[PDB]
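Written out below as structure tokens is the structure these notes cover.
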Amino acid sequence: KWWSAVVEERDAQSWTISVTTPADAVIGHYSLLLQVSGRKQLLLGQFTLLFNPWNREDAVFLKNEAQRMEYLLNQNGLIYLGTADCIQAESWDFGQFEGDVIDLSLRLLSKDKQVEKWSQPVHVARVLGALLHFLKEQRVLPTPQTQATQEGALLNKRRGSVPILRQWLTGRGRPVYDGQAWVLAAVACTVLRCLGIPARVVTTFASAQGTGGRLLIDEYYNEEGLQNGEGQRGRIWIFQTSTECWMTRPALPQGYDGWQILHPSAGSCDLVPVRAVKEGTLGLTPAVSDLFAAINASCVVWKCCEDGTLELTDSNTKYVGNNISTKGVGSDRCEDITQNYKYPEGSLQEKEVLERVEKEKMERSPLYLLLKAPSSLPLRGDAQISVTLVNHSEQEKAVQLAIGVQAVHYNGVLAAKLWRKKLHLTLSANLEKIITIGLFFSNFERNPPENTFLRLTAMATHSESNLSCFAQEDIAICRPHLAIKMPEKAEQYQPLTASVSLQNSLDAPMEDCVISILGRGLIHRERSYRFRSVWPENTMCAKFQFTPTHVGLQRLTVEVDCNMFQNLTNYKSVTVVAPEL
Amino acid sequence: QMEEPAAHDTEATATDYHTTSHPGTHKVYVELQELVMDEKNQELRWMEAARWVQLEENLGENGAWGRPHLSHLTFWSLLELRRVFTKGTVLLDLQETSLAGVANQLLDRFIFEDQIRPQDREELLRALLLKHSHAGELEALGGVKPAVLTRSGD
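Top line first, the protein sequences correspond to chains E and A. If you use the deposited numbering, the first sequence corresponds to residues 88 to 353, 361 to 458, 473 to 689, in order. Residue 181 in the deposited numbering sits at position 152 of the second sequence, and the numbers go up by one each step.
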């Protein structure tokens, strides 16, 4: 159970020793020395010690084998983006087994000075989270204010997580801008997998970030239905990424071993068990309240006016923190684990939890409308929306409808104003009325930015009364489908051909169409090619030939850039076996 | 009809592949091999012809190494070497451990940069996969002569 060494085989000139290591040792670079009775010590070599989930006596020990394969030895991951209605998967290359990633991680960890505590994963996770948050705060530049479509293709393209770590540690590469500030979770997962602690990146959709610990979000809208001013302390984000690590807590009471969410605070970070978030134990860690506020919170809308007084309005309830999903184990399908964070709606347990939390925290419309909107918008296209109004009164009434469409970033930051419309309606004898109108991409005041989502707000003001009804939705813009066709199985050291197809669904011809291909174990770094102009009617088709060299389950990623759109990516998997003897 | 794309060279994402490891210092041992044909049975094979351990040593026809001397070269070597090195192909920090993968990657890279025609890949791949002989088997091989490849393989 401790350091030991027994000779297994003896020769005339050589010995075979079998060294054993204790299940609780400090990790890092080691050196082996031998001492003779008379002579001085001599150095034999160097080696490195790491955690392993394969040892029953280790704090990090995974019972399942496929889970070990997915969460520790895998290098190809998926990151889920978009709205809660449409989910887009993006292929990420964690690259935890690169040449210099382990050395950089150990050198960064060596700035802790609490060496004795390097035998427990909690301390390592805490220091790594804090240092990575500090590095992200220091090294992330704000997005350029100027308009430059020519160089926009180089600001938002990602080649993985190792270049980002290298540029953050050394400052001798391409910096990362404010458009992609959610990569911190991916970098943390890469580092944790490199050190030997299983981890995975999850994404929460419709998350109320900002305010710490409160259960209220204050939002203000203009008379036209737009947002006066800019920014807020606590706003509703489109999505938020976070890291989860599988490990066991010895210092905590019984019943909290397993998956832990890493939550940095704007520094010192920490990690909290998922069950603590689900049940609601707010008195166990200072960050429990902040994360609990992020999963079930309520928003209030105030109606600004030319006078300036904030006015409450009747708004349709919007759901916050729903359909949280991550990558499935052993396959390429998404799995939603929102049942591990909140209780199902309309249950006794959830209402009991809510009333308990409220008790703990206390110590310290004659007409209505509803909106039907499409889940997606074709690029350079159009979509129809419907708003229906039903009134309940003896007499007729006139109402004023204002509708606005404007772009917004992924963190709730306003981007641009695109469309506005105001009109008058008159209802009589309590008859419902539906208004269906089309929205075109040619009607926007300007060109929407690269990574934005459209926000549509509709507000109806009653004539004689003062209270008004409000509703709002978010829609994402979809890009043309990119098809990849290739056989699933291949033999080592043999040519393989893949076909790439694209269809022009836009209204303008394609220019400067450039595609890049890459993949680990199949191709070198990357290969790029140019195409000819493609008309709005015709399609684009190409084929490539290469040769696999390493065996196992690989995948290749293709990416398309042009003048109309940039960074259109797709991936395709393959299984390659050893050659026939 | 099915048309093929055109290649391109770009340096937008080169910086993403810059390692930070210290290569360290190592001495070098250079060995030169060429295609030869042996009169016993008519097949091409790779044979060693020189070594550069400390000073250049050459191998004779009988099968014994000659006398060490300094490394002397010629003018035309420098000219043609510079001319072919100006438009050369580099594959730095390649992650391979077998000859077949290296040969495939080099052939594919040559195809990418229009170094060779698509129909020249098979013959070159076949030629690079012949046996690499050594000094001991020379007496067992009965002598060798220089050879040149052919499209037909003969």
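All C-beta atoms, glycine included, are put in the ideal place defined by N, C-alpha and C.
Please list the partners that residue 120 (chain A) has in chain E, where partner means a Cβ-to-Cβ separation under 9 angstroms. 632
For residue 551 (chain E), count neighbouring Cβ atoms within 10 angstroms of its own Cβ and tell me buried if that reaches 16, exposed if not. exposed
At the level of alpha carbons, what is the spacing between residue 388 (chain E) and residue 361 (chain E)? 20 angstroms
Give the DSSP bridge partners of residue 535 (chain E), in chain order. E:505
Going by C-alpha to C-alpha distance, which of E:419, E:184, E:578 and E:391 sits closest to residue 451 (chain E)? E:391
Inter-residue Cα distance where the pair is residue 283 (chain E) and residue 379 (chain E): 26 angstroms
Can you list the residues of chain A that residue 241 (chain E) reaches, using a CB-CB cut of under 9 angstroms? 41 and 42
Can you check whether the CB of residue 105 (chain A) is closer than 8 angstroms to the CB of residue 161 (chain A)? no
May I have the straight-line CA-CA distance separating residue 623 (chain E) from residue 440 (chain E), to the nearest angstrom? 49 angstroms
What residues of chain A sit near residue 109 (chain E), judged by a beta carbon separation below 9 angstroms? Near residue 109 (chain E) there are no residues of chain A at all, since even the closest Cβ is about 30 angstroms away, more than 9 angstroms.
Using the beta-carbon count (16 or more within 10 Å), is residue 174 (chain A) buried or exposed? exposed
Helix, strand or coil for residue 224 (chain E)? Go by DSSP, reduced to three states. helix
Contact between the stretch 597-608 of chain E and the stretch 503-519 of chain E is defined here as three or more beta-carbon pairs at a separation below 8 angstroms; is this criterion met? no
Residue-level contact to chain E via CB, residue 125 (chain A), 8 angstroms cutoff: Yes, contact with chain E.
Go through the stretch 559-584 of chain E residue by residue and report every complete run of the beta strand (DSSP E) that reaches 3 residues or more, in order. Qualifying beta strand (DSSP E) stretches, in chain order: 561-570.
With 8 angstroms as the limit, tell me which residues of the stretch 186-214 of chain E have their beta carbon closer than that to any beta carbon of chain A; keep them in chain order. Residues are counted here when their Cβ sits less than 8 angstroms from a Cβ of chain A; for the stretch 186-214 of chain E these are 186, 187, 190 and 191, given in chain order.
Close beta carbons around residue 581 (chain E), own chain, < 8 angstroms, minus the five adjacent residues each side: 479, 481, 563 and 564
Have a look at E:444, E:638, E:101 and E:449 and flag the residue whose alpha-carbon is nearest the alpha-carbon of residue 39 (chain A). E:638
Sort out for me which residues DSSP pairs residue 62 (chain A) with in a bridge. A:77
Can you name, in chain order, every residue of its own chain whose Cβ lies under 8 angstroms from the Cβ of residue 134 (chain A), other than the five neighbours on each side? 120, 123 and 125
With H, G and I counted as helix, E and B as strand and the rest as coil, what does DSSP make of residue 149 (chain A)? helix
Report the neighbours of residue 639 (chain E) on chain A: residues whose CB is nearer than 7 angstroms to its CB, in chain order. 34
What does the alpha-carbon distance come out to for the pair residue 399 (chain E) and residue 351 (chain E)? 38 angstroms
Verify whether the separation of the beta carbon atoms of residue 207 (chain E) and residue 146 (chain E) is less than 8 angstroms. yes
Just mark residue 323 (chain E) as buried or exposed, buried being the case when its beta carbon has 16 or more other beta carbons within 10 Å. With 16 or more Cβ atoms within 10 Å of its Cβ, residue 323 (chain E) is classed as buried.
So, at 7 angstroms on beta carbons, what are the nonlocal neighbours of residue 554 (chain E) in its own chain, with the 5 sequence-adjacent residues on each side left out? Within the same chain, residue 554 (chain E) has close Cβ partners 524.
Sequence-distant residues of the same chain with beta carbon closer than 6 angstroms to residue 681 (chain E), five excluded per side: 663
Counting contacts by CB-CB distance shorter than 8 angstroms, is residue 53 (chain A) in contact with chain E? no
Using a Cβ-Cβ distance cut-off of 8 angstroms, determine whether residue 301 (chain E) contacts chain A. No, residue 301 (chain E) does not count as interfacial toward chain A.
Sort E:115, E:616, E:430 and E:408 by Cα distance to residue 202 (chain E) and report the nearest one. E:115
Length of the line joining the Cα atoms of residue 100 (chain E) and residue 428 (chain E): 58 angstroms
Can you tell me the Cα-Cα spacing of residue 199 (chain E) and residue 135 (chain E), whole angstroms? If I take the Cα positions, the gap works out to 18 angstroms.
Just to confirm, is the Cβ distance from residue 577 (chain E) to residue 408 (chain E) under 8 angstroms? yes
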